[PDB]
Every structure is written in C-alpha cells, then in structure tokens.
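Worksheet: one structure, shown below.
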Amino acid sequence: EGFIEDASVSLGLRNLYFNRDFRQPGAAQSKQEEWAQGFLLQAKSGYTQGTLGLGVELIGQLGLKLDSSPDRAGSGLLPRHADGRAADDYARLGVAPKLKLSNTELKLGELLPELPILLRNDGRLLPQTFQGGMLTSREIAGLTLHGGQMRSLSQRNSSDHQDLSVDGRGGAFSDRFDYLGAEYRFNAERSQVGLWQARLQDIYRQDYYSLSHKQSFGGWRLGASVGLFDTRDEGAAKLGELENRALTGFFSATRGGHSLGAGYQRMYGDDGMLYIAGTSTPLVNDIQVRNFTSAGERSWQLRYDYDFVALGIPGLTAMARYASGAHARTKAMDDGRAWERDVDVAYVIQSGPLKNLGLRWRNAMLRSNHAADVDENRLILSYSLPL
Ligand SMILES: CCCCCCCCCCO[C@@H]1O[C@H](CO)[C@@H](O[C@H]2O[C@@H](CO)[C@@H](O)[C@H](O)[C@@H]2O)[C@H](O)[C@H]1O
C-alpha cells in the first residue's frame, strides 16, 4: 500500500570506448585510449504512509576494464595506479534515506546533485556522487527552494570518496559545502529566475543569478537563457584571495527539426571560473573537452541540431557546434586563443526486442596556442534495464 508501489529498480548499462589523441609531439603521453563497461544500480522505495513519509534509495556502481595499456590509461573511465596501470575494476555502493513532509523532501547519504552551483559530472563511465544531505521544497506554486550541505565527493573513476576542493587548484580542502537556492517559474511556465549562494568553507563563496525564457510560436520554439556567477574567497581563504565573475547566455531557435543557437561566455577578474573538483557547470561553452574558463577568457558558440524524425527516422539525432575563445591568461601569455569543434550523432532503437538500446558517437577537435591540441572520439552504447 505504497512504499512497495512507487518503488523502482533500474540497471543502467554503459559500454564506453574513449580515445583522446594528443597531436603535439612530444606529448610524453601520446594517447588516452580505453574501453570499459559500467553498471549503474538504482533502487528507490516509495514512501511510508503518514504525514511524514520515510523511504530509502540505493546507488550501486561497477566499472569493468575491457581494454587498456599503461601507456594510454588516464582516460577517466578507470582508476589508475601509480605504476600507470588501469584498475581491472572498481565498485561503489551508497544508501540514501529520504523523508517527505507535504511537498518538501529531504535526502541524505549518497547523492547525485544536479545544481547550477554543484552539477555532478557524468562525462565518463560512472557518475560522480556526493555525500551529504539535500533539502528541496516547493510548498508555493511556481517556487522551488533548495538547501543542503555536502561533506565529500566520489569522482567518476573512483571507488573512494574524498573531502571537497576546487577544480584545477587542489591543495586546499573542505569538509563543508553549504548552499541555498530559490527558483521562481512564471509567465504560464515560460519564464524563470534563479538565485543561488554556495559556501565552500574557508575557501570560497559563490553567488549565481539566473534568467531564462522559453516560448513557442506556431512551429518555432525559441529559448533564451543568461546566467551569472560571482565568486569571492571566504573565511580563512585557504586558496588566498579569489576573484571571478563568470557570464554565460545563449539564444536558441528551433523549427521543423532544425535548431540553430548562438552562445556567449566571458570570464572576468583575476581568476577564471571557480567550481568543485571534477564537477560540471551550466556554462554554455562547457563542452566536450574544454569549458573555456581560463582567466579573462572571452568566448562564443554556434550550434546546430537536427532531429531526424522529420526525415522519417525517429531516434536519430545529430549535433555540431563550434566554440572560439580569446584573451585567456596563462602566465606565459595573455591573448590565449582556442577553438573546439564538436560533433554528436546518436541513435536509439525505438521498437522491437532492442527497444531503447542506444549508440552514440562523439567527436571533437581542439586547437589552441596554450592548451594541448586534441582529437577525441567516444563510442557509447547504452541500455537501461528495469527490475
Ligand atoms: C550493480 C552494481 C552493484 C555493485 C555493488 C557491489 C558492492 C560494492 C563493493 C565495494 O564497495 C565499496 O567498497 C570500497 C572499499 O571498501 C569503499 O571505499 C570507500 O570506503 C571507505 C570506508 O568506508 C574508504 O576506504 C574509501 O575512501 C572509500 O570511501 C566504498 O565506499 C564502497 O562503495
């Protein structure tokens, strides 16, 4: 009578071939080329009856080495020993109790947060996870309030957890990551304004402002979004004084399966974008291999999408984008330039025994006069088994 009625168990399967090719010689390491199979166990109970409902969730991970050689092993699909050898496997299991009162919900334990201020990475074999507690509340129509504290994370290619730190810096760690968020949706569900504040204890404080609108016009579906991060050092300020403002925004137009979109992004201040180690960001140029977040980096993006439904081939989609950056500072030089060209093709079998089986290919070129030039390919096989 509930609890057992809204319960679900799924087994996510991801077969991944990853090949990042470094073009410049001597690159010391010529290549990251690995192949792995991941398993993602997610089991949720429903909630016990009563005004205060209890429930529990479980996240299980298993990554298996299918092919690797130490000369080419840092791909991020697998943990990597000091000898340079990939692990043959790694696993992880976290439980997550949950309470629900009215329209307010609390989860503690192993978490998969997808927050503008803390976006869990899923760019390899197995998801990044966090450890702590999340509150989510929507007692008011249109409004969603967020609060929580994280204490540790587990990176995508690790069984283990570790204290939090900031991407690209390390050295300074924290026990305590506290946030608060508010999100108001209006104009017949079209417009939305967001407000966020996060505090990585004794390292940084980060504000985030968000503005977005989405509206259909006959056959056109236009979308506009703009966000702003403002990050300063905080407390004892272990990384020292920090100073980044980071702007992002795009506009998107879609009609008859075709999508075109332009994006802009700019890093202001002595520091580039500051975020939690290994985490993703909602910045528009956070793309396949690079995210264009170096100090002072100004960048834009043009993106094209097509949904092959219209041709009579549903499940087939294609995407291409070009990202260009300038004025990046890298001790060696200011006016650092880079450009990345991504190509995404995906197919999902829509009928038959193999319904929902998915194959996706991601290809990227990156060239720069500061970053390492790369060519990257990933083959991704996907399927989700309900239990
Ligand atoms: C379909 C997929 C189902 C897979 C389920 C299989 C069960 C998983 C068995 C191993 O699980 C892991 O064991 C690691 C070794 O013990 C732990 O390291 C963790 O354990 C800590 C101590 O608890 C520390 O040693 C580390 O830093 C790290 O956090 C970790 O938390 C745990 O998840």
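Residues are referred to by chain and number: the chain letter is A, B, ... according to the order shown in the structure tokens, the number counts from 1 in that chain, and ligands are numbered separately from 1 in the order shown.
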
Exercise. Could you name the residues that touch residue 217 in chain A at 12 Å or less, counting only C-alpha atoms, but leaving out those on the same chain fewer than 5 positions away, as a count of residues only?
Worked result: 5

Exercise. So which residues touch range 189-197 of chain A within 6 Å, counting only C-alpha atoms, skipping near sequence neighbours fewer than 5 positions away, as JSON, numbers by chain?
Worked result: {"A": [179, 180, 181, 182, 183, 184, 206, 207, 208, 209, 210, 211, 212, 213, 214]}

For the residues in that selection, give me N, CA and C atoms as a compact mmCIF listing (two decimals), in the first residue's frame.
```txt
# COMPACT_ATOMS: atom_id res chain seq x y z
N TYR A 179 24.83 25.35 0.66
CA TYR A 179 24.16 26.14 -0.37
C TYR A 179 22.70 26.46 -0.04
N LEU A 180 22.18 27.45 -0.74
CA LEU A 180 20.77 27.82 -0.68
C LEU A 180 20.36 28.25 -2.07
N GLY A 181 19.16 27.86 -2.48
CA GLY A 181 18.70 28.21 -3.80
C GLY A 181 17.21 28.49 -3.86
N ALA A 182 16.82 29.41 -4.74
CA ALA A 182 15.42 29.73 -4.95
C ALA A 182 15.18 29.86 -6.44
N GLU A 183 14.07 29.31 -6.90
CA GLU A 183 13.77 29.33 -8.32
C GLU A 183 12.31 29.60 -8.54
N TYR A 184 12.02 30.68 -9.25
CA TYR A 184 10.64 31.07 -9.48
C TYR A 184 10.26 31.00 -10.95
N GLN A 206 30.12 31.65 -3.42
CA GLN A 206 29.74 31.84 -4.82
C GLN A 206 28.27 32.16 -4.94
N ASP A 207 27.96 33.26 -5.62
CA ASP A 207 26.58 33.61 -5.92
C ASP A 207 26.29 33.23 -7.35
N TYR A 208 25.03 32.90 -7.63
CA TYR A 208 24.61 32.63 -9.00
C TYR A 208 23.23 33.20 -9.28
N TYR A 209 23.13 33.98 -10.36
CA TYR A 209 21.88 34.60 -10.77
C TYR A 209 21.49 34.02 -12.11
N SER A 210 20.20 33.73 -12.28
CA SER A 210 19.76 33.01 -13.46
C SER A 210 18.49 33.59 -14.05
N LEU A 211 18.43 33.61 -15.38
CA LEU A 211 17.31 34.19 -16.08
C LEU A 211 17.08 33.39 -17.34
N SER A 212 15.84 32.96 -17.57
CA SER A 212 15.58 32.08 -18.70
C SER A 212 14.15 32.23 -19.20
N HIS A 213 13.97 32.13 -20.51
CA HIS A 213 12.63 32.22 -21.09
C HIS A 213 12.50 31.27 -22.26
N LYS A 214 11.33 30.65 -22.40
CA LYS A 214 11.11 29.64 -23.44
C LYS A 214 9.66 29.72 -23.90
```

Exercise. Can you list, as a ChimeraX atom specification, every protein, DNA or RNA residue that comes within 10 Å of range 110-112 of chain A when you count only C-alpha atoms, leaving out same-chain residues fewer than 6 positions away?
Worked result: /A:57-60,93-97,118-122,127-134,150,152-154

Write out, as a Markdown table, each residue of chain A that has an atom at most 7 Å from ligand 1, together with the closest pair of atoms and their distance in Å to one decimal, counting only C-alpha atoms and all ligand atoms, rows going by chain and rising number.
```
| residue | atom | partner | partner_atom_place_in_ligand_line | distance |
| --- | --- | --- | --- | --- |
| A:11 | CA | ligand 1 | 1 (C) | 6.9 |
| A:39 | CA | ligand 1 | 1 (C) | 5.2 |
| A:40 | CA | ligand 1 | 1 (C) | 5.5 |
| A:41 | CA | ligand 1 | 1 (C) | 4.7 |
| A:60 | CA | ligand 1 | 3 (C) | 4.2 |
| A:61 | CA | ligand 1 | 2 (C) | 4.2 |
| A:62 | CA | ligand 1 | 2 (C) | 4.7 |
| A:91 | CA | ligand 1 | 8 (C) | 4.8 |
| A:92 | CA | ligand 1 | 33 (O) | 3.1 |
| A:93 | CA | ligand 1 | 33 (O) | 3.9 |
| A:94 | CA | ligand 1 | 33 (O) | 6.0 |
| A:159 | CA | ligand 1 | 30 (C) | 5.5 |
| A:160 | CA | ligand 1 | 28 (C) | 3.5 |
| A:161 | CA | ligand 1 | 29 (O) | 4.1 |
| A:162 | CA | ligand 1 | 27 (O) | 6.4 |
```

For this session: Please provide as number ranges by chain all residues within 9 Å of residue 203 in chain A, with the sequence filter that same-chain residues fewer than 3 positions apart are discarded (counting only C-alpha atoms).
Result: A: 165-166, 172-174, 199-200, 232-242

Go ahead and save the residues from that selection, with N, CA, C and O atoms, as a PDB file, in the first residue's frame.
```pdb
ATOM      1  N   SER A 165      37.267  20.110  -2.822  1.00  0.00           N
ATOM      2  CA  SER A 165      38.343  21.042  -3.192  1.00  0.00           C
ATOM      3  C   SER A 165      37.918  21.710  -4.499  1.00  0.00           C
ATOM      4  O   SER A 165      36.861  21.367  -5.046  1.00  0.00           O
ATOM      5  N   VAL A 166      38.697  22.657  -5.016  1.00  0.00           N
ATOM      6  CA  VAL A 166      38.206  23.337  -6.209  1.00  0.00           C
ATOM      7  C   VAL A 166      38.949  22.907  -7.445  1.00  0.00           C
ATOM      8  O   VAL A 166      40.164  22.696  -7.393  1.00  0.00           O
ATOM      9  N   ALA A 172      43.962  22.873  -1.125  1.00  0.00           N
ATOM     10  CA  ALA A 172      43.056  23.293  -0.061  1.00  0.00           C
ATOM     11  C   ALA A 172      41.793  22.437  -0.098  1.00  0.00           C
ATOM     12  O   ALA A 172      41.159  22.327  -1.138  1.00  0.00           O
ATOM     13  N   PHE A 173      41.408  21.838   1.027  1.00  0.00           N
ATOM     14  CA  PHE A 173      40.197  21.008   1.036  1.00  0.00           C
ATOM     15  C   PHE A 173      39.135  21.524   2.004  1.00  0.00           C
ATOM     16  O   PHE A 173      39.443  22.309   2.909  1.00  0.00           O
ATOM     17  N   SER A 174      37.891  21.070   1.833  1.00  0.00           N
ATOM     18  CA  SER A 174      36.849  21.409   2.803  1.00  0.00           C
ATOM     19  C   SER A 174      35.923  20.260   3.161  1.00  0.00           C
ATOM     20  O   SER A 174      35.566  19.446   2.309  1.00  0.00           O
ATOM     21  N   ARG A 199      28.771  28.088  -0.352  1.00  0.00           N
ATOM     22  CA  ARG A 199      29.865  28.423   0.533  1.00  0.00           C
ATOM     23  C   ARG A 199      30.757  27.209   0.725  1.00  0.00           C
ATOM     24  O   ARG A 199      30.419  26.302   1.503  1.00  0.00           O
ATOM     25  N   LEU A 200      31.891  27.172   0.028  1.00  0.00           N
ATOM     26  CA  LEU A 200      32.884  26.137   0.311  1.00  0.00           C
ATOM     27  C   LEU A 200      33.759  26.604   1.471  1.00  0.00           C
ATOM     28  O   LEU A 200      34.673  27.421   1.289  1.00  0.00           O
ATOM     29  N   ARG A 232      33.917  34.837  -4.780  1.00  0.00           N
ATOM     30  CA  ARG A 232      34.926  35.527  -3.989  1.00  0.00           C
ATOM     31  C   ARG A 232      35.494  34.538  -2.965  1.00  0.00           C
ATOM     32  O   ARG A 232      34.847  33.529  -2.655  1.00  0.00           O
ATOM     33  N   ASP A 233      36.689  34.798  -2.437  1.00  0.00           N
ATOM     34  CA  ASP A 233      37.207  33.959  -1.352  1.00  0.00           C
ATOM     35  C   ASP A 233      36.370  34.176  -0.075  1.00  0.00           C
ATOM     36  O   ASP A 233      35.596  35.134   0.015  1.00  0.00           O
ATOM     37  N   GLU A 234      36.519  33.282   0.897  1.00  0.00           N
ATOM     38  CA  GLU A 234      35.643  33.245   2.064  1.00  0.00           C
ATOM     39  C   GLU A 234      36.400  32.757   3.296  1.00  0.00           C
ATOM     40  O   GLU A 234      37.219  31.835   3.203  1.00  0.00           O
ATOM     41  N   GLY A 235      36.116  33.358   4.447  1.00  0.00           N
ATOM     42  CA  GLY A 235      36.698  32.914   5.700  1.00  0.00           C
ATOM     43  C   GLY A 235      38.212  33.009   5.747  1.00  0.00           C
ATOM     44  O   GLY A 235      38.786  34.056   5.419  1.00  0.00           O
ATOM     45  N   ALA A 236      38.854  31.915   6.155  1.00  0.00           N
ATOM     46  CA  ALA A 236      40.314  31.851   6.247  1.00  0.00           C
ATOM     47  C   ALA A 236      40.965  31.978   4.870  1.00  0.00           C
ATOM     48  O   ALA A 236      42.152  32.305   4.772  1.00  0.00           O
ATOM     49  N   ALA A 237      40.190  31.696   3.824  1.00  0.00           N
ATOM     50  CA  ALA A 237      40.619  31.951   2.458  1.00  0.00           C
ATOM     51  C   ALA A 237      41.883  31.157   2.127  1.00  0.00           C
ATOM     52  O   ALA A 237      42.933  31.727   1.794  1.00  0.00           O
ATOM     53  N   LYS A 238      41.762  29.835   2.177  1.00  0.00           N
ATOM     54  CA  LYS A 238      42.921  28.963   2.039  1.00  0.00           C
ATOM     55  C   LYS A 238      43.596  29.018   0.668  1.00  0.00           C
ATOM     56  O   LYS A 238      44.820  28.950   0.568  1.00  0.00           O
ATOM     57  N   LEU A 239      42.810  29.167  -0.388  1.00  0.00           N
ATOM     58  CA  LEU A 239      43.400  29.355  -1.700  1.00  0.00           C
ATOM     59  C   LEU A 239      43.896  30.786  -1.895  1.00  0.00           C
ATOM     60  O   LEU A 239      44.371  31.123  -2.973  1.00  0.00           O
ATOM     61  N   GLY A 240      43.810  31.613  -0.851  1.00  0.00           N
ATOM     62  CA  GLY A 240      44.133  33.030  -0.966  1.00  0.00           C
ATOM     63  C   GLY A 240      42.934  33.854  -1.429  1.00  0.00           C
ATOM     64  O   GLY A 240      41.800  33.370  -1.434  1.00  0.00           O
ATOM     65  N   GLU A 241      43.168  35.101  -1.814  1.00  0.00           N
ATOM     66  CA  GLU A 241      42.099  35.931  -2.382  1.00  0.00           C
ATOM     67  C   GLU A 241      41.706  35.424  -3.757  1.00  0.00           C
ATOM     68  O   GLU A 241      42.563  35.199  -4.603  1.00  0.00           O
ATOM     69  N   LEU A 242      40.407  35.243  -3.975  1.00  0.00           N
ATOM     70  CA  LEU A 242      39.893  34.729  -5.242  1.00  0.00           C
ATOM     71  C   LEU A 242      38.902  35.736  -5.800  1.00  0.00           C
ATOM     72  O   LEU A 242      38.213  36.440  -5.047  1.00  0.00           O
TER      73      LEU A 242
END
```

Problem set entry | Nearest to residue 282 in chain A, chosen from A:230, A:3, A:296, A:225, with only C-alpha atoms counted in the distances |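 Looking at the shortest contact to residue 282 in chain A, the residue is A:225.
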
For this session: DSSP on the backbone, then: every residue of range 234-349 of chain A marked strand (DSSP E), written as an MDAnalysis selection string.
Result: chainID A and resid 243:255 258:268 298:307 316:328 336:348

Exercise. What lies within 10 Å of residue 249 in chain A using only C-alpha atoms, ignoring chain neighbours under 2 positions off, as a list in words?
Worked result: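 Selected residues are residues 210, 211, 212, 224, 225, 226, 227, 228, 247, 251, 262, 263, 264, 265, 266, 282, 283, 284, 285 and 300 of chain A.
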
Please save N, CA, C and O atoms of the selected residues as a CSV table (one decimal), in the first residue's frame.
```csv
chain,number,residue,atom,x,y,z
A,210,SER,N,20.2,33.7,-12.3
A,210,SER,CA,19.8,33.0,-13.5
A,210,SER,C,18.5,33.6,-14.1
A,210,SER,O,17.6,34.0,-13.3
A,211,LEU,N,18.4,33.6,-15.4
A,211,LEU,CA,17.3,34.2,-16.1
A,211,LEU,C,17.1,33.4,-17.3
A,211,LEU,O,18.0,33.2,-18.1
A,212,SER,N,15.8,33.0,-17.6
A,212,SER,CA,15.6,32.1,-18.7
A,212,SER,C,14.2,32.2,-19.2
A,212,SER,O,13.2,32.4,-18.4
A,224,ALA,N,15.8,31.5,-24.6
A,224,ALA,CA,16.8,32.5,-24.2
A,224,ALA,C,17.2,32.2,-22.7
A,224,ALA,O,16.3,32.1,-21.9
A,225,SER,N,18.5,32.1,-22.4
A,225,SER,CA,18.9,32.0,-21.1
A,225,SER,C,20.2,32.8,-20.8
A,225,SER,O,21.0,33.0,-21.8
A,226,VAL,N,20.3,33.3,-19.6
A,226,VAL,CA,21.5,34.0,-19.2
A,226,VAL,C,21.8,33.7,-17.7
A,226,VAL,O,20.8,33.7,-16.9
A,227,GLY,N,23.0,33.4,-17.4
A,227,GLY,CA,23.4,33.2,-16.0
A,227,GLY,C,24.6,34.0,-15.6
A,227,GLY,O,25.4,34.4,-16.5
A,228,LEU,N,24.8,34.3,-14.3
A,228,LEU,CA,26.0,35.0,-13.8
A,228,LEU,C,26.5,34.3,-12.5
A,228,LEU,O,25.7,34.2,-11.6
A,247,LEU,N,30.1,35.1,-16.8
A,247,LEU,CA,28.9,35.3,-17.6
A,247,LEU,C,28.7,34.2,-18.7
A,247,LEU,O,29.6,33.9,-19.3
A,251,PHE,N,20.9,31.9,-27.1
A,251,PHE,CA,19.6,32.0,-27.7
A,251,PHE,C,19.5,30.9,-28.6
A,251,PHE,O,20.4,30.6,-29.4
A,262,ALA,N,23.2,30.5,-30.8
A,262,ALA,CA,24.4,31.2,-30.5
A,262,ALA,C,24.5,31.4,-29.0
A,262,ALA,O,23.5,31.6,-28.3
A,263,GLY,N,25.8,31.3,-28.5
A,263,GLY,CA,26.0,31.4,-27.1
A,263,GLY,C,27.2,32.3,-26.9
A,263,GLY,O,28.0,32.4,-27.8
A,264,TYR,N,27.2,32.9,-25.8
A,264,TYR,CA,28.4,33.8,-25.4
A,264,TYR,C,28.7,33.5,-24.0
A,264,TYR,O,27.9,33.1,-23.1
A,265,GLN,N,30.0,33.7,-23.7
A,265,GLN,CA,30.6,33.3,-22.3
A,265,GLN,C,31.8,34.2,-22.1
A,265,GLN,O,32.6,34.3,-23.0
A,266,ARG,N,31.9,34.7,-20.9
A,266,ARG,CA,33.1,35.5,-20.5
A,266,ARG,C,33.5,35.4,-19.1
A,266,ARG,O,32.7,35.4,-18.2
A,282,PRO,N,27.0,24.8,-15.7
A,282,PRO,CA,26.0,25.1,-16.7
A,282,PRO,C,26.4,26.1,-17.7
A,282,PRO,O,25.6,26.6,-18.5
A,283,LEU,N,27.7,26.5,-17.7
A,283,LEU,CA,28.2,27.5,-18.7
A,283,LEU,C,28.0,26.9,-20.1
A,283,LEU,O,28.2,25.7,-20.4
A,284,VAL,N,27.6,27.8,-21.0
A,284,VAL,CA,27.2,27.4,-22.4
A,284,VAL,C,28.4,26.7,-23.2
A,284,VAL,O,28.1,25.8,-24.0
A,285,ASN,N,29.6,27.2,-23.0
A,285,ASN,CA,30.8,26.6,-23.6
A,285,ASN,C,31.4,25.5,-22.8
A,285,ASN,O,32.6,25.2,-23.0
A,300,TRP,N,32.6,32.6,-27.7
A,300,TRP,CA,31.2,32.4,-28.2
A,300,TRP,C,31.0,30.9,-28.7
A,300,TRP,O,32.0,30.2,-28.8
```

Problem set entry | Counting only C-alpha atoms, the option among A:328, A:364, A:164, A:141 closest to residue 270 in chain A | A:328

Problem set entry | Distance query residue 385 in chain A at most 12 Å, only C-alpha atoms, self and fewer than 4 positions along chain excluded, as a PyMOL selection string | chain A and resi 8-14+39-43+354-357
